[PDB]
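What follows is calculated from the coordinates using simple rules that are stated; it is not laboratory data. All Cβ positions, even for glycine, are placed from backbone atoms using ideal geometry, and neighbour counts span all protein chains on display.
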Amino acid sequence: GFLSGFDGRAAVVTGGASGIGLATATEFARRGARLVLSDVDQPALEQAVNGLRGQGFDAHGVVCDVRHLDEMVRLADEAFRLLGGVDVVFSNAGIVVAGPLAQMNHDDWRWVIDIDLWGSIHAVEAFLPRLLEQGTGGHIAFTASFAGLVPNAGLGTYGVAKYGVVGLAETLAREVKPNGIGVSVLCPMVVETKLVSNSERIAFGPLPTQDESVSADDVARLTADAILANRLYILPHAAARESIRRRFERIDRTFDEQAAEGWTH
Amino acid sequence: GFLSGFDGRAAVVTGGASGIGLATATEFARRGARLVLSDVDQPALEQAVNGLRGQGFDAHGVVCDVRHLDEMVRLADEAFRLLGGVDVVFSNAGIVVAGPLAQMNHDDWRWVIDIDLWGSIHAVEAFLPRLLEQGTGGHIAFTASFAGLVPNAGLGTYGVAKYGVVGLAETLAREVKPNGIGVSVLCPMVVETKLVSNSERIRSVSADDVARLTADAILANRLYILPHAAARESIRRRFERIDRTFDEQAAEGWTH
């Protein structure tokens, strides 16, 4: 049941009115997919949908805030009605938000866990049983972050949510492989913009932002390719590799440090 | 200053009435720390405090449901009042749910996320500002799980929460190192405790062995605490799956 192509297939993209969501949906449509996009903003969603129709594609918009399970259930119902089935679900919400852990208040935490973690959990709650009942395989993809794979100072709160999304994707991949449902997680790079000499001429710690050195269109092509190849990870920036290695080496060496002090298990 | 020894230090342990939390509290106390144990099971908490006091240890019980930030704030206030200060916080309370992701209802998700992930977040929210204000460093340890480091079919929902705990610990370690606050995250495979029965009700390596390793790791200021060597290969396998993605992308012509 693993996705063999996008042509004539049905895809649902949350947060589809802009950014990664819209770029990815547009790539799916270029490859022949029929689209349902969701976003919180009715008129901006209408605009994205009309843009896609203007390019000759078939797209509908459904208003949905991913933080609310009931709205996600309504979206799943509407997507199956409009498309007659769903083959690909691309769960996407939110943007990079930074700040030192010590300065995050409770509202900061609540917002980020809701949009960046619950928005992805809700996509599984609302779509997974329906994809299993449909019984024809398909694919579920998530937008996490490089900050879902390694610690980044200044992205503590966003990182906690994104670690949860990566864990969700990795376990889901194993569980639904036997059902012919592929799983991928897109992990976009972040960067601390260092103060340039020109800006310097003109206390919160590092404040990373999204890396914009690779275009959204290129990343959308990689994302669609990864889904077709059924690759679990989508890692657009080569700079990520060494940080991931360093994290796993720190974990691994811990075993030898323990043994050196006399641990026997 | 990073923790130099437990003698005369003040420690707070959540989920301290049973299992790894009680064992670790007991180990801290054997090493001379003064303790605040916290839990939701009130008779168990009182019994656990009695057990420590009977051994001549200075221990107090404070009830706290870690799902509620106001309760965790009350715990932090009361621990500072009872002990004069807090040097070590062990955010350990947790529950388990098991089963395929597709079998989880919304209540399963809420219970696990609220106790296992929000309990940890709330411990930082409540204790971190107080530790920074106190200005003498300290240590914050979390109980995550081996499921916070690798996927496990049947432990998806638990794993989502425990991944969030590991991410919290790893970033927090970097941010508060300049303040002399050490951070550790404990990631065991299976340990015989009352976890399963307590989890249902709320809705090999012994716990004492884990407690010795945890106390030792805190004094060594090690970020990871990994009692089961069987975890090592699975962690390596996960790294390899991630790392090879770069070569697979390049083979397809990706140049970024």
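Overview of results
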item	result
The listed residue being of a type in the set (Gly, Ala, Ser), farther than 29 Å from B:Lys177 by Cβ, surrounded by 24 or more Cβ atoms within 10 Å (Cβ to Cβ) and at the interface with another protein chain (Cβ under 10 Å from one of its Cβ atoms), out of A:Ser91, A:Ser120	A:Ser120
Filter result for the condition that a residue is under 20 Å from B:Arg237 (Cα atoms), within 14 Å of the chain's Cα centre (by Cα) and either in a helix (DSSP H, G or I) or more than 7 Å from chain A (Cβ to nearest Cβ) (or both), over B:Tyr158, B:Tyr163	B:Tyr163
Any hit, region A:199-217, residues being assigned to a helix (DSSP H, G or I), at negative phi and under 16 Å from the mean Cα position of the chain (by Cα)	yes
Region B:193-220 residues that are farther than 17 Å from B:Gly94 by Cα, paired with ones that are of a type in the set (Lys, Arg) (beta carbon under 7 Å, 6 or more apart)	B:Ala215/B:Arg31
Extreme residue, nearest to the chain's Cα centre (by Cα), among residues of region A:251-265 that are of a type in the set (D, E, K, R) and more than 7 Å from chain B (Cβ to nearest Cβ)	A:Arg253
Residue list for region A:222-245, filter: more than 8 Å from every other protein chain (Cβ to nearest Cβ), more than 15 Å from the chain's Cα centre (by Cα) and not hydrophobic (A, V, I, L, M, F, W, C)	A:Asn230, A:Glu242, A:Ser243
Checklist (1) within 20 Å of A:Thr24 (Cα to Cα); (2) small (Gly, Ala, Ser); (3) at the interface with chain B (Cβ under 10 Å from one of its Cβ atoms) applied to A:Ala153, failing item	(1)
Residue within region B:67-76 that is of a type in the set (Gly, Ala, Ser), buried (at least 16 other Cβ atoms within 10 Å of the Cβ) and under 17 Å from the mean Cα position of the chain (by Cα) present	yes
Residues that are crowded, with 16+ Cβ neighbours inside 10 Å and of a type in the set (S, T, N, Q), drawn from region A:1-46	A:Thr14, A:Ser18, A:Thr24, A:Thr26, A:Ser38
Single residue of region B:192-205 satisfying the filter (exposed (fewer than 15 other Cβ atoms within 10 Å of the Cβ) and among the polar types (S, T, N, Q)) that is nearest to B:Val40 (Cα to Cα)	B:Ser197
Some residue of region A:203-216 being of a type in the set (A, V, I, L, M), within 10 Å of chain B (Cβ to nearest Cβ) and touching a helix residue (DSSP H, G or I) at 6+ places or on another chain (Cβ under 7 Å)	no
Residues satisfying the stated conditions in region B:127-145, i.e. among the hydrophobic types (A, V, I, L, M, F, W, C), more than 11 Å from chain A (Cβ to nearest Cβ) and within 17 Å of B:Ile113 (Cα to Cα)	B:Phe142
Members of region B:229-242 found to be more than 21 Å from B:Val97 (Cα to Cα) and either surrounded by 17 or more Cβ atoms within 10 Å (Cβ to Cβ) or of a type in the set (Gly, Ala, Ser) (or both), listed by number	B:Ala229, B:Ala230, B:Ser234, B:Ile235, B:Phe239, B:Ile242
Some residue of region A:168-187 being buried (at least 24 other Cβ atoms within 10 Å of the Cβ), under 14 Å from the mean Cα position of the chain (by Cα) and assigned to a loop (DSSP other than H, G, I, E, B)	yes
Options B:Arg81, B:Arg74: the member that is touching a helix residue (DSSP H, G or I) at 6+ places or on another chain (Cβ under 9 Å), farther than 18 Å from A:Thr157 by Cβ and of a type in the set (D, E, K, R)	B:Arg74
Residue in region A:219-228 that is outside any helix (DSSP H, G or I), under 24 Å from B:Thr255 (Cα atoms) and among the small types (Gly, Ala, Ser) present	no
Residues of region B:77-88 classified as of a type in the set (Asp, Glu) and surrounded by fewer than 19 Cβ atoms within 10 Å (Cβ to Cβ), total	2
Count of residues meeting criterion [more than 20 Å from the chain's Cα centre (by Cα) and either among the aromatic types (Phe, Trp, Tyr) or surrounded by 18 or more Cβ atoms within 10 Å (Cβ to Cβ) (or both)] in region A:47-66	5
